[PDB]
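Below sits a lone chain in structure tokens, taken as the form deposited in one PDB entry.
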């Protein structure tokens, strides 16, 4: 990653064994549960494109997903190249060349180039641009591997309302509902999918009940 040291210059630091192992283990334990994504982003704080490739390449399973991710990265790289074409022909001696999509993705750029871009004044933030593409891909994977429609999350007859609400919003998160819908689903599908006893209680609460109030009501 690129870090400020103790004396305020941005320099390269090797990726730590602790970081490498954290990432491999979270993928082993959680697969593509949605909360793996913010974990990736956090563990990749300050990453160069080289570091992001290290993290992705250290994954041993899930090669269908990793191939889908390669496809998404190629699409974003191709769109970058449409927006920001680069001068063909020889670079100015000693000067910084402009990054192409594959340079951002770390496949045709050196670590030194990456460092140069990222520590330029002002920085050409190749690590952050690539990380956005990766996360775009990972979010597709999450949605793909979500095993259950929100329509099929219904409260069982002796299921505690809290355990049902947990299943409901765990499902909405993987299915990738916007916050609008998450905020909104509470006046609607959450009540619809509730068991008959709790449904009666919730119907009687009136509109504009908070989730807290719904949860208390069906406790």
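Shifts are known only where both forms have a C-alpha. Take the two forms, superpose them, and find the largest set of C-alpha atoms that agree within 1.5 Å; that set is the rigid core. Residue numbers count along the first chain shown, from 1.
FYI, the form deposited in another entry isn't displayed, but the following is about it.
J.: Core aligned, which of 163, 28, 152, 187 has the Cα that shifts 2 angstroms or more between the shown form and the other one?
T.: The residue that shifts is 187.
J.: My question is whether residue 178 is one of the residues whose C-alpha shifts by 2 Å or more between the shown form and the other one, given a fit on the rigid core.
T.: Yes: residue 178 shifts by at least 2 Å between the shown form and the other one.
J.: Lining up the core, where do at least three residues in a row all have CA moves of 2 Å or more between the shown form and the other one?
T.: When the rigid core is held fixed, residues 177-187 make up the only run that shifts.
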